[PDB]
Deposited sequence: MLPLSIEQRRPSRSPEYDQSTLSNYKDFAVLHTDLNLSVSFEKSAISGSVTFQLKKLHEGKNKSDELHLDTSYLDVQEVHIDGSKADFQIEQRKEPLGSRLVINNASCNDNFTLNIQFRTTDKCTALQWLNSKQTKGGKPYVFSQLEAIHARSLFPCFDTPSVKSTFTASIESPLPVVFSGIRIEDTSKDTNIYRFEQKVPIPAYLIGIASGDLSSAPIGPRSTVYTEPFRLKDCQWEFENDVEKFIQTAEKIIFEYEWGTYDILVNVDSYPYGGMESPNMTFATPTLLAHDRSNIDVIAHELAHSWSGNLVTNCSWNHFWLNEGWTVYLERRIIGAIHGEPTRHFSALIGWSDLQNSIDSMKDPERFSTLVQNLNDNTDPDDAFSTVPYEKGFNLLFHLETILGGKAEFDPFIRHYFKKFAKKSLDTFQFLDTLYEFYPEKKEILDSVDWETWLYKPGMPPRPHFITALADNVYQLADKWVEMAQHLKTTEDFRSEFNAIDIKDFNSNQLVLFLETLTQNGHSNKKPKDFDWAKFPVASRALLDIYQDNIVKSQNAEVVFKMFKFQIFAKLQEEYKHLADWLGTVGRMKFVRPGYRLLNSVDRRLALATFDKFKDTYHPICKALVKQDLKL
């Protein structure tokens, strides 16, 4: 019942074809996937075999085509018998197609492929005994978006979802994105809800665990175990129950968290039954846990209901950001939800302003070919433009109460399936017959296919106003007060006593933006007011300078750089050797290079090999390499 230009862009058949896979997934049904693996720290390889139970769907070739990337494929059997196969030469950026002749007799058949990972594997990071805080080797995966094919041969598309079983042999503890079949050096798991390959998660190392709720356990290195338990144990069950009330019962069983090694490059990864989390989430006060509301919301938007291709990634991340903000809003109130959206708005702006090819990459729905790296399309746009389209819909349809019935209908309809934007729109229209005119007033063309910032909503700015006022006040007084004594008369620790970490982050951000009002048009620099910038750090030492929150600490370093306080460059350099999260590492190196390149390249050369392959790659070229 949707509008014409949408009708016009929609394919004749949904879900829309995924151009990022070399597999012939439309030709088969994947009924079950079993992983039988062995982890070798000695060789830094995972080897073994994957077994698929498949069903031919109906001049057939007839061939199986699977995705691989830098795998060593060793043998292939169908129904117990050796099957002819050939790997095609690599084509970037999608990899090496594996081609299998299936002379199998029946429509239903079993496919077994023996393989091992290689040194060029893009799915894993390996750490040796000397690299981990705790003294033993460690490995973990990160498969999103198309790295699963570098871990095992598969139909590597989010259109394909399958139950899994897994046996993993390792000389150290293993966690997996499934429920453990309980107790050895052989870890068995089951994932009884069908999942896409990109959600598979594995880690192995010196892991211990501790309960953080009635259905939640945290896993991490022993030295950090109790800190992690304290950080999560007061809040995780509350988050789950909050999400369940907004949507419906959580059906995955356990909700566990793996707090990864310091080289971990993302904030989190929503592997089912084992969220992967950055240790920089641990602040010792519980400031950063919304990253957990985020991964938790994925249980519904992403895991249960999945985007069919990377062109429609907004369905995953936009919904998740929307749901995440509903959780925090339900717990903390609307001003908190709106504050989070306000920070997200400025993240969106920066992302689009910093963009290479904004005309292409800032549209909500993407158009990747088979020549486009799906990475190249990941930005803040699917998150925040996605969120803003949903927030707009919430509003015009009558508010949370009117929208929540749709949310439940949507996640129920597509549970365990994959979909495209067009199917999302059909569902929206089928659900609101009485509201057809309101939905037809939505400029679907601008929201879905046009580049740039969408129309700006009217967020409640209550929790940011105090922050903006102070940053403005600091910008002004920097040009008026001279001696530190002067500053202490105007400012004191009292003025940020009520600032949470998000507010501190926004404050320090606004300062490098030199205020949130054009009183001083010129982007003058803090470098020329050392007494003020030094007084800042002094007066606010308790809450900013002494903070154990990596988010605030990072901003503190950045303010220090924007103010070119040279005596602090050393602490930035060394701190950067302590974290691996891209969000801090990449910008950190950009910051340090703009004030001391001889130190930035010296620092990188020192820590380069401690970072995740991805983070090392991007920092390498950030530093002109």
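- Residues 59-61, 187-190 of the deposited sequence, counted from 1, carry no C-alpha coordinates in the model.
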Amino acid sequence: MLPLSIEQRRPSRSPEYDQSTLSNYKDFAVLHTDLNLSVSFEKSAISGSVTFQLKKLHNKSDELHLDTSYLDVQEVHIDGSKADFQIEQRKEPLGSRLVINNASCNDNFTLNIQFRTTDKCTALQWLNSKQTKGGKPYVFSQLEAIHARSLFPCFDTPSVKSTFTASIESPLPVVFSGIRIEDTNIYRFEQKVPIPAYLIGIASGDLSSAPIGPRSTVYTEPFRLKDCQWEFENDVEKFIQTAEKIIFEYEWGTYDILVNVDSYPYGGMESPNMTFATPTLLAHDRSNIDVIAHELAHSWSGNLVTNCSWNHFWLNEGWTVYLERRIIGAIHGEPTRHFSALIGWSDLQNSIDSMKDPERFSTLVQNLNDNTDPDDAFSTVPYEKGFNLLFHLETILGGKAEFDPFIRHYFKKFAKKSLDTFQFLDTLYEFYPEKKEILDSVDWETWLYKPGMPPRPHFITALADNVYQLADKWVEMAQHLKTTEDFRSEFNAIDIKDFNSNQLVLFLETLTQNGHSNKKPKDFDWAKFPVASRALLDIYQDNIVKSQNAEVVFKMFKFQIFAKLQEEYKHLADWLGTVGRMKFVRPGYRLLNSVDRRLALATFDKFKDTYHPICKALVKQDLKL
From here on, numbers count along this sequence of modelled residues.
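- Higher mean CA temperature factor, per the PDB entry, when comparing 40-48 with 557-565: 557-565.
- The question of which stretch, 161-169 or 519-527, has the higher mean Cα B factor is settled in favour of 519-527.
- The residue among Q89, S299, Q513, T306 whose C-alpha carries the highest B-factor in the deposited model is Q513.
- Take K245, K482, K120, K416 and read off each C-alpha B-factor from the entry; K482 has the highest.
- The PDB entry assigns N492 a C-alpha temperature factor belonging to the highest third of its chain's modelled residues.
- In the PDB entry, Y468 places in the middle third of its chain by CA B-factor.
- Split the chain's modelled residues into thirds by C-alpha temperature factor. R360 is in the middle one.
- In the PDB entry, a CA B factor belonging to the highest third of its chain's modelled residues is recorded for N59.
- Ranked by Cα temperature factor within the chain, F28 sits in the middle third according to the deposited record.
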